[PDB]
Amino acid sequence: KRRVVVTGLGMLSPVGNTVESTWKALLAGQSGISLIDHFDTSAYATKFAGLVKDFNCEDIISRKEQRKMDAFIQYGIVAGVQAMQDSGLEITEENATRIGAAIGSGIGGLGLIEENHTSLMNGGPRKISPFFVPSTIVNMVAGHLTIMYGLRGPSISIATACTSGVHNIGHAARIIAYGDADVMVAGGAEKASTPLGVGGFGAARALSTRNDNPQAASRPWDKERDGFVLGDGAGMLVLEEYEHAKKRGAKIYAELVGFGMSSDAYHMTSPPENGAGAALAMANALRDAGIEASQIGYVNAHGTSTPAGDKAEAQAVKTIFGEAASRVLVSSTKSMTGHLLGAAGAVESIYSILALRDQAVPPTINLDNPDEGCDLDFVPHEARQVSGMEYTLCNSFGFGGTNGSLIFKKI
């Protein structure tokens, strides 16, 4: 059985523009949520989001090429470049066909869809940019990265809304394990903090409207929660077959030992109740890794700060972990970054990997008063030092959609 390890990390998040700076901010409980100021939010019920601060890609992407890329493509490229550099991999003509990418997004390029459609409405089809389509579709992060590094291996882009990150990483590992590749760059990127994004999720009544206190808005499992908070960024991992990684002396952060999927088969307008879909994804991940739930030390929850979804996820954890549910650590880093949608599962896989390296678990901030029946250890307020932790579980749950779970193992 071909084993799959993680050899490179790259990240942009609302709390940092690198992996280590993001990780340090999260362990310190720092919120990345702030008031939007790049468009007029006067008519919007939600006026804040988790934004990438002081983003500077000029050394990686020329201004000419930036104009052909929606913001989410720029984030994904920069995070991917970070990951490739962190991996220290040398791409040659000999190995180029064995290296690919699995990089997705939930919404893609809303910003440039707006811009080109505005151009169309004001001036007709001759004002649409020739780069409109390649500047906006979700597979273009992989497209640009494969060209920049000369990658010729299998390349896919999974767009499964809020579980895109885990699905892309999980299927990058499947491709490697199957033998179609030896290395894969996998993750996701998102930039939905646009007039159509904020208005669209706000039209669905899904966003928190706590404009007076944006850093307290994202509060998973807290009684005062009122919807999720949008976040922008990107996470990328370099996955590698284990023997390939050891032969070249790669740094090895963790092993990816389990990947499970499921569907809810119910609309989200219907009650989530027990989280049976989330439990099935976790159960499949455990079976795939060949471990019991009691061996998981930390769960990076979905935890979006939505009333019904947070409670159903707590029931799913209770179902899987049983007697060990009181002991396992669970936390939602979305309390600090907001919901990165298709990139959420990607940056959260990174958090689950670094938790194994540093034996420390990031907190769920803003958890001032847990709901009745939200009696698990959610690591409120402050990060938790741990010891002997060998497995972590990273979850992305659709609660009215698809589900994905990844299990990482130390060394």
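Each residue number is its position in the shown sequence, starting from 1.
- Task: For the higher mean C-alpha B factor in the entry, choose 71 to 79 or 91 to 99.
- Result: The deposited B-factors put 91 to 99 ahead on the C-alpha mean.
- Message: Regarding 387 to 395 and 7 to 15, which shows the higher C-alpha temperature factor on average in the entry?
- Response: Mean B over CA atoms: larger for 387 to 395.
- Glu273, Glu115, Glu241, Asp310, ranked by C-alpha B-factor: the highest one: Out of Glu273, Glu115, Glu241, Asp310, the record gives the largest C-alpha B-factor to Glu273.
- Message: Per the entry's Cα B factor values, which of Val185, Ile291, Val257, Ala189 stands out as the maximum?
- Response: Answer, based on the entry's C-alpha B-factors: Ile291.
- Thinking about Cα B factors across the chain, which third does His167 belong to? Answer is lowest: the recorded C-alpha B-factor places it there.
- Task: Select lowest, middle or highest to describe the third in which the CA B-factor of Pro130 falls within its chain in this entry.
- Result: Ranked within chain, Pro130 CA B lands in the middle tercile.
- Message: What third of the chain does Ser335 rank in for C-alpha temperature factor, lowest, middle or highest?
- Response: As the PDB entry reports it, the C-alpha B-factor of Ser335 lands in the lowest third of its chain.
- Message: What third of the chain does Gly373 rank in for C-alpha temperature factor, lowest, middle or highest?
- Response: Highest third - that is where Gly373 ends up once the chain's C-alpha B-factors are sorted.
- Looking at the C-alpha B-factor of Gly197, is it in the lowest, middle or highest third of its chain? Ranked within chain, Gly197 CA B lands in the middle tercile.
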